[PDB]
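**Student:** Dropping a structure here in structure tokens format, bear with me for questions.
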Amino acid sequence: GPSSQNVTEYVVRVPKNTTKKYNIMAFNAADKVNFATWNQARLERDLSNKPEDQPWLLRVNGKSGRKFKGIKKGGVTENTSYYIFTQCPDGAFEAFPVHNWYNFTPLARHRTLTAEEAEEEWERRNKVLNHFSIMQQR
Amino acid sequence: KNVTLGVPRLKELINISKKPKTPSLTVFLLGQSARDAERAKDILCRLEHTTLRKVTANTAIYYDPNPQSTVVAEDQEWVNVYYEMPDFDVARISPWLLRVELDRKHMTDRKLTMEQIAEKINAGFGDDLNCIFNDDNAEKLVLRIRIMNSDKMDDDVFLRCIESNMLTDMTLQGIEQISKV
Amino acid sequence: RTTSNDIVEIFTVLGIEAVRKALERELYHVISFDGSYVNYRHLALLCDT
Amino acid sequence: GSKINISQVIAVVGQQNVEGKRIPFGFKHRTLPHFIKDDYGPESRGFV
Amino acid sequence: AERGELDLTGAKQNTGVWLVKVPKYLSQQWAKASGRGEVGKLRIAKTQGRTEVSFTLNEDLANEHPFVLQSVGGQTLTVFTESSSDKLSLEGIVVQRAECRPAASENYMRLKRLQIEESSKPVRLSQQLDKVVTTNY
Amino acid sequence: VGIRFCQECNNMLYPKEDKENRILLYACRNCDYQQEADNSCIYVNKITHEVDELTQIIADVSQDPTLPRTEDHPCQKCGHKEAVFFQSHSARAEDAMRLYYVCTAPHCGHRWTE
Amino acid sequence: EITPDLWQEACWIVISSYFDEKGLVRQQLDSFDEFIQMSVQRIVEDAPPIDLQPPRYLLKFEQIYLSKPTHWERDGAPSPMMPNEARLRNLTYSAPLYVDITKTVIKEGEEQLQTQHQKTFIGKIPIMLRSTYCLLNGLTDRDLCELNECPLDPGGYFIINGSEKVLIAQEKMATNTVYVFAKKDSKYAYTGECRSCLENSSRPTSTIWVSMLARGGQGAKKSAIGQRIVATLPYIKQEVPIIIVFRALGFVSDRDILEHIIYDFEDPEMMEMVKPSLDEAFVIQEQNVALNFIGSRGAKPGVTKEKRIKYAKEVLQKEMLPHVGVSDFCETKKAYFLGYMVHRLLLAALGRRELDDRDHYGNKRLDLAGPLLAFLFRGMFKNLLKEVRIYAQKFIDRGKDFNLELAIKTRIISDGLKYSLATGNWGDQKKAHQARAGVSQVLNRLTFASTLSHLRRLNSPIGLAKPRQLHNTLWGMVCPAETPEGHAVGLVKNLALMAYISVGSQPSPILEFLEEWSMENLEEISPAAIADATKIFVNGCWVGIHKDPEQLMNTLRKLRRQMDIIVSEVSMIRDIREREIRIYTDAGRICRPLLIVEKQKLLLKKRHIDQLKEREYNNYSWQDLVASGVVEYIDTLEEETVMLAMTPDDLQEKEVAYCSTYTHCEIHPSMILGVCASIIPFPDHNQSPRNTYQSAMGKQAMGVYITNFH
Ligand SMILES: [Zn+2]
Ligand SMILES: [Zn+2]
């Protein structure tokens, strides 16, 4: 059929400037990210330092959902420019430069040990008894 | 085989070094064993320190709360042949199982038997660890191990600790700190 | 006729005189291995003292 | 001199050994770049 | 509805986008183009059991760029957008990865060499003075 | 046999049994996710390491210039009557000097020992 | 076509071209030339701007200017110094160092009146003879004779107070290369050394150690815990586990940590081997607590928990593996590199790999005159900046004005360089305890052979027989017969005749080419694809992975053989058993020429031999020989994975099948001998100890040591 020898030819367009900057979010494929659960999302800059020179923070569906933290690519793309091709009704491919690379990793939600008490279980340096039992006591 | 000699040996002798670099120990057989090669090999086996590592091939841990579960494919025979009499099975058997195999080549080379190995194992640990007896008819000389009944640390951690202890210093045969003869 | 090469072990087992004799024998062995010979007087003096 | 020196001068220098053993495998399992990998032949391990 | 909220309309639409890398000379070709409106022609050829993707440079711009696809199952890529009005939005999820390579096999290293002296043009090195400078103190 | 992590909590899983139904139920301890143990196996250990190196010899070693090359011992899937051989060079894996052969065709790589 | 049974003439003609073009001391000359041309400019440029205050004062340095050596006579008249005059009058042979100071003033009133103090004298840099910045360069025989300087003198030495001093290359462990070692007696079973430093410009080497606890305390549950992995971070008093450090980098998901450490998830043995670390780190679950933990154990514990957090972040940022990156956002690269570090440690643990040998000259480099003077200039420039800062603060606390002409003290650099180069105490004068000694020995002048041997000399920092034994690596690389007979036997060695030391270059063009050449950078990469692909290294730092190793190797070799953007001195490695492609460009490597071999025939054909035989009035020389991609610089690392042919007519020609894939062919086997050992006739027929003894004597064999002796 036509698919056996199909040939496609589309246009390439590069607008000089876009009113809205274009960036990227990357997830580990092993993270098993599901966009169906993406009912609501908030992306805000971190307050750990306390703007543009600080890591990003993402929250999923409020506190109930998982949490991601954004990291800017330390390397610089002096020799590379990544563009995203988006299908449009006119059929002309549009290439847009990516301003920054924002990786996000999930943040576990649970009772997390704090350093002030964390010094307590250091006396049990190697005699830490019943590793399983440590988390229930908190 | 050879022993160190010369300048380092002279240094080690003029000093009274608490550890020798290459400690050695010559032995002379007394009577009939001096001329009998077979008896010499017997004394060799009786003196050579043989730990569990030198004879065992693979080790495994499984979860079999029912003795008749028989998770291993070919364990039903000796398991049933041993469990017709339920030695304190009702009390507790610690579903955490420990399985090991003793390679036949090492068994024949060191000229010891697995039954007296089990005897030594249960004698050294007394009655705080149940052992299982297997026959040589099986192609693989399997050895099953379980935990006592009358009793923190869970059970798998304790089982692994006993596995490491038995592996390192069970002292199946021979006299300690004798690497080779 | 059983003996050993370690000195502290044979000392703790047999006794000081055994240390004398065994150490003399072993020093004679190590010196004489390469064919060079030394008189018994000096080895005896060193082992005694 | 000694008869071993005569043998070395006339016939064959003999095996050259370092720390008792033959020439160690300094490279990836070979003594020099000129020998094929994983060789224990006499010429390729120190014998002269 | 909040400033920190992220729009998820694009993700819900299952929008598919392609991530492509291009060489520096081609990127500066686009930059010199200054977004005139047309910059090149992209050609996709599909066979009975194979697919071919190539990119053709505009003749006006110059005065072949075959594309090699990459596996996307190793990681998930999504593109958001930070508008100048402070309204973050998600364009969609990247569906294919493509790479751009030059057609030249040997002559392209001449352009690489030229770019290398361009990059090493501003690298600073000490200079030698024929006569000692007597304008000090 | 292996190891599994969460489905929704991206965290590592320990083993556990069911007090009621008596089934090995791998359950998250950092969270509350559980699943039935299809394998019904928990731990394996090959201390003597019978596992031959063939499971992990890389195919592209054939196109290494510096290894030997022997004409005999042709490959099975393709004839290709010339291949390479090299010892294990793996400390403690096994004390057997069995030569390992790998075919040197551009797309082949069927490995064998004899 | 080819060269059958004419090989003697051909090989000696190509060696003639090599020695006529380069010479005997080009390692010293090129090292110093590169130092003066780049290192001084890099050092001065990459220095902290001086900020002090009220009005704000900012000082920034600029391009270096140098002039010919001059003598400041008592009358003050400039006078071109001469090497002969320098020797006779005990005058140090040196030239002034000139810079431009940009004094920018900020009075908080838009009063920025920047003043440029062009050509500011800051000190006298010793200059070594016959260098491109010396006054003898380019002079022919007639002018050298007329100038009372020996034409035959190779130069390559300094003149301090009239005593000809010569710098000696110093061995040190190669930087930015993860190693593995097995201490016999230490409480750690296996350990991993990765002594690392930035691009020879910012800070000296900072070491990171990673190790495994030996099996101990058995009988208790310690055995059940098993062997734990531990690393001693820099500027931390005690040790610390690994996974806690990984979490300190900001990666909390244990799945991600194992993805970094492990590339293939189908290795239960290594999973079990790394499990003890997981169990150990089950008390630390978040980045902040981990940062507090690591910071709490520093040299100076912080006053408040924010202080420990800041200290931990700073030490993990600046002092932790500086070569991979210090650009704040480079945490991912650091995490991946630590993952590869511990992966190599695990591979050593399981025996899949083998422990790297310390005394393998493919694992250590030579600090030549260039890098050593760069280190001294770094220290002295830091001292000068401190002096300028304190003087400016003291003189501006009054608030009158500031004067750069008197503030800068040229005394410090001049005396520091002169002292360190003269007495050999390498470092600051007051810190002689930690200053390595033995550098800059007095040039030996008993014989011309002695002078050449002293110019081409190495030295080890060792004060056990392992470091001092000859090693397989030194084939054609260091003279085997030559060594001092005395207590320093083995430690001190002379270079082979054809040996050439890597002057060094920058990795920028290589990274550019690699990034363009369908290589996936190590951020926008799927972690799962690492195992099936090949790793890439550029001066140690991991920069990405590639899925077409042989094509990349062939392309890189083709580029090198033509001197394309990749420099000829660079070398690239391929360990197929490990899936890595190591590319090195830093200075200090040592290398020798070799003849390329393709198919089974040499690329050196009769036309090249004819052209070289007519070298005179043909502008054809060794460089042009390398232009045609015939001779290739193969260093000791690349020697590790190639095959050599002793002689083409004997080996390359088909015979009983031994090898058929010779990649390179020796120029001539005799070239392995050193300077003083080369004059020995029939060294093979002699016993090696007597070759060594004679090689010692050739220094002491008297004669006409230099023509202009009178
Ligand atoms: Zn969980
Ligand atoms: Zn095949």
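Labeling convention for the structure tokens: chains A, B, ... as they appear, residues from 1 per chain, ligands from 1 in order of appearance.
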Collect all residues with atoms no farther than 10 Å from ligand 1, counting only C-alpha atoms and all ligand atoms, and output them as a ChimeraX atom specification.
**Tutor:** /A:108-110 /F:5-13,27-34
**Student:** Take the residues that were just selected and, keeping N, CA and C atoms, output them as a PDB file, in the first residue's frame.
**Tutor:**
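Result went into out_31.pdb, see below:
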```
ATOM      1  N   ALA A 108      10.152  11.852  48.171  1.00  0.00           N
ATOM      2  CA  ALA A 108       9.379  10.926  48.984  1.00  0.00           C
ATOM      3  C   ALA A 108       8.604  11.671  50.062  1.00  0.00           C
ATOM      4  N   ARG A 109       7.370  11.232  50.301  1.00  0.00           N
ATOM      5  CA  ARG A 109       6.524  11.779  51.354  1.00  0.00           C
ATOM      6  C   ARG A 109       6.327  10.696  52.412  1.00  0.00           C
ATOM      7  N   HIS A 110       6.831  10.956  53.613  1.00  0.00           N
ATOM      8  CA  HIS A 110       6.766  10.021  54.730  1.00  0.00           C
ATOM      9  C   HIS A 110       7.471  10.676  55.910  1.00  0.00           C
TER      10      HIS A 110
ATOM     11  N   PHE F   5      10.457  -2.756  42.757  1.00  0.00           N
ATOM     12  CA  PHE F   5      10.171  -1.525  43.482  1.00  0.00           C
ATOM     13  C   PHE F   5       8.669  -1.239  43.388  1.00  0.00           C
ATOM     14  N   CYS F   6       8.268  -0.044  43.816  1.00  0.00           N
ATOM     15  CA  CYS F   6       6.852   0.282  43.910  1.00  0.00           C
ATOM     16  C   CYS F   6       6.194   0.274  42.532  1.00  0.00           C
ATOM     17  N   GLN F   7       4.884   0.517  42.538  1.00  0.00           N
ATOM     18  CA  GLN F   7       4.133   0.911  41.353  1.00  0.00           C
ATOM     19  C   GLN F   7       3.794   2.395  41.351  1.00  0.00           C
ATOM     20  N   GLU F   8       3.574   2.984  42.531  1.00  0.00           N
ATOM     21  CA  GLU F   8       3.184   4.382  42.660  1.00  0.00           C
ATOM     22  C   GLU F   8       4.071   5.189  43.601  1.00  0.00           C
ATOM     23  N   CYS F   9       5.016   4.552  44.300  1.00  0.00           N
ATOM     24  CA  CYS F   9       5.827   5.217  45.317  1.00  0.00           C
ATOM     25  C   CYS F   9       7.327   5.196  45.035  1.00  0.00           C
ATOM     26  N   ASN F  10       7.745   4.654  43.892  1.00  0.00           N
ATOM     27  CA  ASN F  10       9.137   4.623  43.429  1.00  0.00           C
ATOM     28  C   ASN F  10      10.112   4.343  44.576  1.00  0.00           C
ATOM     29  N   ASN F  11       9.902   3.206  45.236  1.00  0.00           N
ATOM     30  CA  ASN F  11      10.718   2.829  46.379  1.00  0.00           C
ATOM     31  C   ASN F  11      10.917   1.320  46.394  1.00  0.00           C
ATOM     32  N   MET F  12      12.005   0.897  47.030  1.00  0.00           N
ATOM     33  CA  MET F  12      12.446  -0.489  46.994  1.00  0.00           C
ATOM     34  C   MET F  12      11.623  -1.343  47.958  1.00  0.00           C
ATOM     35  N   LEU F  13      11.497  -2.625  47.615  1.00  0.00           N
ATOM     36  CA  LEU F  13      10.566  -3.540  48.263  1.00  0.00           C
ATOM     37  C   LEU F  13      11.310  -4.675  48.949  1.00  0.00           C
ATOM     38  N   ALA F  27       5.828  -6.721  50.134  1.00  0.00           N
ATOM     39  CA  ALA F  27       5.158  -5.521  50.611  1.00  0.00           C
ATOM     40  C   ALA F  27       6.175  -4.412  50.822  1.00  0.00           C
ATOM     41  N   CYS F  28       5.821  -3.204  50.390  1.00  0.00           N
ATOM     42  CA  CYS F  28       6.640  -2.041  50.694  1.00  0.00           C
ATOM     43  C   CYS F  28       6.611  -1.788  52.193  1.00  0.00           C
ATOM     44  N   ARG F  29       7.779  -1.514  52.774  1.00  0.00           N
ATOM     45  CA  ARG F  29       7.841  -1.124  54.176  1.00  0.00           C
ATOM     46  C   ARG F  29       7.887   0.384  54.356  1.00  0.00           C
ATOM     47  N   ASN F  30       8.381   1.119  53.366  1.00  0.00           N
ATOM     48  CA  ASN F  30       8.283   2.569  53.361  1.00  0.00           C
ATOM     49  C   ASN F  30       6.888   3.059  52.998  1.00  0.00           C
ATOM     50  N   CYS F  31       6.046   2.198  52.428  1.00  0.00           N
ATOM     51  CA  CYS F  31       4.688   2.556  52.037  1.00  0.00           C
ATOM     52  C   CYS F  31       3.813   1.320  52.232  1.00  0.00           C
ATOM     53  N   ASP F  32       2.624   1.326  51.629  1.00  0.00           N
ATOM     54  CA  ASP F  32       1.618   0.288  51.832  1.00  0.00           C
ATOM     55  C   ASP F  32       1.226  -0.364  50.513  1.00  0.00           C
ATOM     56  N   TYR F  33       2.213  -0.711  49.687  1.00  0.00           N
ATOM     57  CA  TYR F  33       1.979  -1.431  48.441  1.00  0.00           C
ATOM     58  C   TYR F  33       2.388  -2.889  48.601  1.00  0.00           C
ATOM     59  N   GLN F  34       1.582  -3.788  48.035  1.00  0.00           N
ATOM     60  CA  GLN F  34       1.793  -5.223  48.162  1.00  0.00           C
ATOM     61  C   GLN F  34       1.511  -5.901  46.828  1.00  0.00           C
TER      62      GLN F  34
END
```
**Student:** Pull out every residue of chain A sitting within 9 Å of chain G, counting only C-alpha atoms, and send them as a PyMOL selection string.
**Tutor:** chain A and resi 26+28-31+55+71-75+78-80+101+103+105-108+112-115+118-119+121+126-127+131+134-135
**Student:** Extract, using only C-alpha atoms, all DNA, RNA and protein residues at most 12 Å from stretch 176-179 of chain G, discarding same-chain residues fewer than 6 positions from it, and format them as an NGL selection string.
**Tutor:** :G and (190-200 or 205-211 or 321-324 or 337-345 or 347-348 or 353-358 or 360 or 362-365 or 537-542 or 582-586)
**Student:** Identify every residue of chain G that has at least one atom within 12 Å of any atom of chain D, counting only C-alpha atoms, and report the result as number ranges by chain.
**Tutor:** G: 353-363, 465-466, 469-476, 575-577, 634, 636-647, 651, 657-666, 669, 684-688
**Student:** Define the interface residues of chain E facing chain G as those within 9 Å, counting only C-alpha atoms, and report them as a PyMOL selection string.
**Tutor:** chain E and resi 21-24+72-76+99-102+109-110+112-114+116+119+123-137
**Student:** Up to 8 Å from chain E, what residues of chain A turn up? Count only C-alpha atoms and give them as a ChimeraX atom specification.
**Tutor:** /A:3-17,19-30,35-36,38-44,79-87,93
**Student:** Pick out each residue of stretch 2-181 of chain B that DSSP on the backbone tags as strand (DSSP E or B); I need them as a ChimeraX atom specification.
**Tutor:** /B:50,56-63,96-102,131,142-145,173
**Student:** Suppose we keep N, CA, C and O atoms; can you now write the selection as an mmCIF file, in the first residue's frame?
**Tutor:**
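Printed below is result11.cif as written:
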```
data_model
loop_
_atom_site.group_PDB
_atom_site.id
_atom_site.type_symbol
_atom_site.label_atom_id
_atom_site.label_comp_id
_atom_site.auth_asym_id
_atom_site.auth_seq_id
_atom_site.Cartn_x
_atom_site.Cartn_y
_atom_site.Cartn_z
ATOM 1 N N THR B 50 39.870 -28.025 57.381
ATOM 2 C CA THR B 50 38.856 -27.995 56.332
ATOM 3 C C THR B 50 37.637 -27.259 56.866
ATOM 4 O O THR B 50 36.923 -27.776 57.733
ATOM 5 N N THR B 56 31.689 -26.840 50.540
ATOM 6 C CA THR B 56 30.373 -26.479 50.032
ATOM 7 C C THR B 56 30.495 -25.726 48.711
ATOM 8 O O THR B 56 31.485 -25.037 48.454
ATOM 9 N N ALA B 57 29.468 -25.864 47.874
ATOM 10 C CA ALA B 57 29.465 -25.316 46.522
ATOM 11 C C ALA B 57 28.513 -24.142 46.356
ATOM 12 O O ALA B 57 28.916 -23.090 45.852
ATOM 13 N N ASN B 58 27.246 -24.303 46.741
ATOM 14 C CA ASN B 58 26.270 -23.225 46.671
ATOM 15 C C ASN B 58 25.403 -23.240 47.922
ATOM 16 O O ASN B 58 25.224 -24.279 48.562
ATOM 17 N N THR B 59 24.876 -22.067 48.263
ATOM 18 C CA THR B 59 24.014 -21.887 49.422
ATOM 19 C C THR B 59 22.777 -21.108 49.005
ATOM 20 O O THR B 59 22.828 -20.275 48.097
ATOM 21 N N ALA B 60 21.661 -21.384 49.676
ATOM 22 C CA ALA B 60 20.397 -20.759 49.320
ATOM 23 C C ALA B 60 19.534 -20.609 50.561
ATOM 24 O O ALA B 60 19.725 -21.297 51.567
ATOM 25 N N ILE B 61 18.578 -19.687 50.472
ATOM 26 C CA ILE B 61 17.599 -19.439 51.523
ATOM 27 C C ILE B 61 16.226 -19.413 50.869
ATOM 28 O O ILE B 61 16.043 -18.769 49.830
ATOM 29 N N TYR B 62 15.266 -20.113 51.472
ATOM 30 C CA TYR B 62 13.921 -20.222 50.929
ATOM 31 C C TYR B 62 12.913 -20.040 52.056
ATOM 32 O O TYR B 62 13.273 -19.949 53.233
ATOM 33 N N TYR B 63 11.636 -19.988 51.678
ATOM 34 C CA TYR B 63 10.526 -19.771 52.606
ATOM 35 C C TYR B 63 9.510 -20.891 52.395
ATOM 36 O O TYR B 63 8.746 -20.867 51.426
ATOM 37 N N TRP B 96 11.656 -19.916 57.295
ATOM 38 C CA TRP B 96 12.932 -19.566 56.688
ATOM 39 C C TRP B 96 13.839 -20.788 56.628
ATOM 40 O O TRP B 96 14.284 -21.288 57.665
ATOM 41 N N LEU B 97 14.117 -21.271 55.420
ATOM 42 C CA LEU B 97 14.943 -22.449 55.204
ATOM 43 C C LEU B 97 16.332 -22.033 54.740
ATOM 44 O O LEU B 97 16.513 -20.963 54.156
ATOM 45 N N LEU B 98 17.311 -22.891 55.017
ATOM 46 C CA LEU B 98 18.691 -22.697 54.577
ATOM 47 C C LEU B 98 19.132 -23.977 53.882
ATOM 48 O O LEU B 98 19.146 -25.047 54.499
ATOM 49 N N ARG B 99 19.494 -23.865 52.607
ATOM 50 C CA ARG B 99 19.863 -25.005 51.779
ATOM 51 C C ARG B 99 21.281 -24.822 51.263
ATOM 52 O O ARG B 99 21.655 -23.726 50.832
ATOM 53 N N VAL B 100 22.067 -25.899 51.310
ATOM 54 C CA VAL B 100 23.443 -25.896 50.835
ATOM 55 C C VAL B 100 23.724 -27.226 50.153
ATOM 56 O O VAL B 100 23.040 -28.226 50.381
ATOM 57 N N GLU B 101 24.749 -27.223 49.306
ATOM 58 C CA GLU B 101 25.196 -28.409 48.592
ATOM 59 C C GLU B 101 26.686 -28.602 48.833
ATOM 60 O O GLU B 101 27.450 -27.632 48.860
ATOM 61 N N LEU B 102 27.091 -29.856 49.003
ATOM 62 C CA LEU B 102 28.488 -30.223 49.192
ATOM 63 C C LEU B 102 28.973 -30.942 47.941
ATOM 64 O O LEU B 102 28.505 -32.044 47.634
ATOM 65 N N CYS B 131 18.853 -29.748 62.216
ATOM 66 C CA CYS B 131 19.492 -30.135 60.970
ATOM 67 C C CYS B 131 18.710 -31.273 60.330
ATOM 68 O O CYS B 131 17.960 -31.986 61.004
ATOM 69 N N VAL B 142 22.406 -32.649 48.838
ATOM 70 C CA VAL B 142 21.770 -31.497 49.461
ATOM 71 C C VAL B 142 21.804 -31.650 50.977
ATOM 72 O O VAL B 142 21.800 -32.764 51.517
ATOM 73 N N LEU B 143 21.839 -30.514 51.673
ATOM 74 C CA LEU B 143 21.781 -30.474 53.128
ATOM 75 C C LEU B 143 20.842 -29.353 53.541
ATOM 76 O O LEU B 143 21.114 -28.179 53.268
ATOM 77 N N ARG B 144 19.743 -29.714 54.198
ATOM 78 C CA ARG B 144 18.727 -28.765 54.629
ATOM 79 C C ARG B 144 18.924 -28.428 56.101
ATOM 80 O O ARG B 144 19.259 -29.300 56.908
ATOM 81 N N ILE B 145 18.729 -27.156 56.441
ATOM 82 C CA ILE B 145 18.944 -26.647 57.789
ATOM 83 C C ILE B 145 17.733 -25.823 58.202
ATOM 84 O O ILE B 145 17.166 -25.084 57.390
ATOM 85 N N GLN B 173 36.939 -30.340 59.844
ATOM 86 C CA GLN B 173 37.990 -31.323 60.052
ATOM 87 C C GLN B 173 39.334 -30.616 60.100
ATOM 88 O O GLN B 173 39.530 -29.580 59.459
#
```
**Student:** Which residues in stretch 291-363 of chain G does DSSP call alpha helix (DSSP H)? List them as an NGL selection string.
**Tutor:** :G and (291-296 or 305-318 or 331-350)
**Student:** Go ahead and save the picked residues with N, CA and C atoms, as a compact mmCIF listing (two decimals), in the first residue's frame.
**Tutor:**
```
# COMPACT_ATOMS: atom_id res chain seq x y z
N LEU G 291 23.25 16.52 54.11
CA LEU G 291 24.17 17.65 54.11
C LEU G 291 24.56 18.03 55.53
N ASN G 292 23.60 18.00 56.45
CA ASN G 292 23.92 18.29 57.84
C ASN G 292 24.88 17.24 58.39
N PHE G 293 24.67 15.97 58.04
CA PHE G 293 25.52 14.90 58.55
C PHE G 293 26.95 15.07 58.07
N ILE G 294 27.14 15.24 56.76
CA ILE G 294 28.50 15.35 56.23
C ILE G 294 29.17 16.62 56.74
N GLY G 295 28.43 17.72 56.82
CA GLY G 295 29.03 18.96 57.31
C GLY G 295 29.36 18.93 58.78
N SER G 296 28.61 18.13 59.56
CA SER G 296 28.84 18.08 61.00
C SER G 296 30.20 17.51 61.36
N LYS G 305 22.92 24.88 62.40
CA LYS G 305 22.70 23.84 61.40
C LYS G 305 22.76 24.39 59.99
N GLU G 306 22.32 25.64 59.79
CA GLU G 306 22.51 26.29 58.50
C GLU G 306 24.00 26.41 58.18
N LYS G 307 24.83 26.62 59.20
CA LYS G 307 26.27 26.71 58.97
C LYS G 307 26.83 25.37 58.50
N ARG G 308 26.43 24.26 59.14
CA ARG G 308 26.86 22.96 58.63
C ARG G 308 26.35 22.71 57.22
N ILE G 309 25.11 23.10 56.93
CA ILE G 309 24.57 22.89 55.59
C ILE G 309 25.40 23.66 54.57
N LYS G 310 25.71 24.92 54.87
CA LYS G 310 26.49 25.73 53.94
C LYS G 310 27.89 25.15 53.75
N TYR G 311 28.53 24.73 54.84
CA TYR G 311 29.87 24.16 54.72
C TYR G 311 29.85 22.88 53.89
N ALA G 312 28.86 22.02 54.13
CA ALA G 312 28.75 20.78 53.37
C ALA G 312 28.52 21.07 51.90
N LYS G 313 27.63 22.01 51.59
CA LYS G 313 27.38 22.35 50.19
C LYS G 313 28.65 22.90 49.54
N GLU G 314 29.38 23.75 50.26
CA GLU G 314 30.60 24.33 49.70
C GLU G 314 31.64 23.26 49.42
N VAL G 315 31.84 22.32 50.35
CA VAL G 315 32.88 21.32 50.15
C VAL G 315 32.47 20.33 49.05
N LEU G 316 31.20 19.93 49.01
CA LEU G 316 30.73 19.12 47.89
C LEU G 316 30.73 19.87 46.57
N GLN G 317 30.77 21.20 46.59
CA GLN G 317 30.75 21.98 45.36
C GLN G 317 32.15 22.21 44.80
N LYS G 318 33.03 22.80 45.60
CA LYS G 318 34.31 23.28 45.10
C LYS G 318 35.43 22.24 45.23
N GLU G 331 25.88 19.11 39.41
CA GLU G 331 25.75 18.03 40.39
C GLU G 331 25.50 16.69 39.71
N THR G 332 24.79 16.69 38.58
CA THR G 332 24.51 15.43 37.89
C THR G 332 25.80 14.78 37.39
N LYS G 333 26.72 15.58 36.85
CA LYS G 333 27.99 15.01 36.39
C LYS G 333 28.77 14.42 37.56
N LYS G 334 28.80 15.12 38.69
CA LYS G 334 29.48 14.59 39.87
C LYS G 334 28.85 13.28 40.31
N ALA G 335 27.52 13.22 40.31
CA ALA G 335 26.83 12.00 40.71
C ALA G 335 27.18 10.85 39.78
N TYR G 336 27.15 11.09 38.47
CA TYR G 336 27.47 10.01 37.53
C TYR G 336 28.92 9.57 37.70
N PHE G 337 29.83 10.52 37.92
CA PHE G 337 31.23 10.15 38.05
C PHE G 337 31.47 9.34 39.32
N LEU G 338 30.83 9.72 40.43
CA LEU G 338 30.95 8.91 41.64
C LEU G 338 30.33 7.54 41.43
N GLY G 339 29.24 7.47 40.66
CA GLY G 339 28.67 6.18 40.33
C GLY G 339 29.65 5.30 39.57
N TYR G 340 30.33 5.87 38.57
CA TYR G 340 31.33 5.10 37.83
C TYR G 340 32.51 4.73 38.73
N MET G 341 32.87 5.63 39.65
CA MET G 341 33.95 5.36 40.58
C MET G 341 33.65 4.11 41.40
N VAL G 342 32.49 4.10 42.05
CA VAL G 342 32.13 2.96 42.87
C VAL G 342 31.85 1.73 42.01
N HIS G 343 31.41 1.93 40.76
CA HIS G 343 31.23 0.79 39.86
C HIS G 343 32.56 0.11 39.57
N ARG G 344 33.60 0.90 39.32
CA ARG G 344 34.93 0.32 39.13
C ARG G 344 35.41 -0.35 40.41
N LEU G 345 35.12 0.24 41.56
CA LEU G 345 35.47 -0.41 42.82
C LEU G 345 34.79 -1.77 42.95
N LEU G 346 33.49 -1.83 42.62
CA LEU G 346 32.77 -3.10 42.68
C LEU G 346 33.33 -4.11 41.70
N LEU G 347 33.66 -3.66 40.49
CA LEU G 347 34.22 -4.56 39.49
C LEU G 347 35.54 -5.14 39.97
N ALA G 348 36.37 -4.32 40.62
CA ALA G 348 37.57 -4.83 41.24
C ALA G 348 37.23 -5.82 42.36
N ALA G 349 36.16 -5.53 43.11
CA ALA G 349 35.77 -6.41 44.21
C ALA G 349 35.42 -7.80 43.71
N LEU G 350 34.67 -7.89 42.62
CA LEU G 350 34.20 -9.17 42.11
C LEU G 350 35.23 -9.89 41.25
```
**Student:** Give the residues close to ligand 2, within 10 Å, counting only C-alpha atoms and all ligand atoms; write them as an NGL selection string.
**Tutor:** :F and (74-83 or 102-111)
**Student:** List as JSON, numbers by chain the protein and nucleic acid residues near residue B:23, meaning an atom at most 10 Å away when only C-alpha atoms are counted, but skip any in the same chain fewer than 5 places from it.
**Tutor:** {"B": [3, 4, 178], "C": [4, 5, 6, 7]}
**Student:** Pull out every residue of chain F that has at least one atom within 7 Å of chain D, counting only C-alpha atoms, and report them as a VMD selection string.
**Tutor:** chain F and resid 66 to 68 86
**Student:** Which one is closest to residue B:158: A:130, A:58, A:137, A:122? Count only C-alpha atoms.
**Tutor:**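 Among the listed residues, the smallest separation from residue B:158 belongs to A:130.
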**Student:** Please identify all polymer residues within 12 Å of residue C:9, counting only C-alpha atoms, omitting same-chain residues fewer than 6 positions from it, and present them as number ranges by chain.
**Tutor:** B: 16-20, 23-25; C: 3, 15-16, 18-19, 22
